[PDB]
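Peer 1: Pasting in a structure now, in structure tokens, and then I'll have a few things to ask.
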Number of protein chains: 2
Amino acid sequence: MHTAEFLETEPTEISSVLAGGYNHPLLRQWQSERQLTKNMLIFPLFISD
Amino acid sequence: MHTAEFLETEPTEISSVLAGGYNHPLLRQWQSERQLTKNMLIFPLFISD
């Protein structure tokens, strides 16, 4: 019958491994080129007559 | 006597004007490529025996 096939594999190349850099919540923040702060916001106002 | 000399001047070239971009406290923050946050800090600990 149909069984799960698994192809033979060569050792892992270090260049394929990106995972060490984003496996934790903090790391996902370390990963942003820039973090969002309150002073970056500009709120629009529609002033009336 | 010695009086303050002032050389004749040509109109201002727009390319010389950088001042419009950092004349206010907020602008000096807008000017940073990256702002400092608490999550960017890593504190070293010397653990004893």
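Peer 1: Hey, can you tell me all the residues within chain A that are surrounded by 10 or more Cβ atoms within 10 Å (Cβ to Cβ) and hydroxyl-bearing (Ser, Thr, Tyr)?
Peer 2: A:22, A:37
Peer 1: Let me ask you something else. Within 14 Å of chain B (Cβ to nearest Cβ) and either under 26 Å from residue B:40 (Cβ atoms) or not β-branched (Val, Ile, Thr) (or both): which single residue out of A:18, A:27 fits that description?
Peer 2: A:27
Counting neighbours? That spans all protein chains shown, and the Cβs are built from the backbone with ideal geometry, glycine included. Here, each number is a calculation from the coordinates, and none is a lab measurement.
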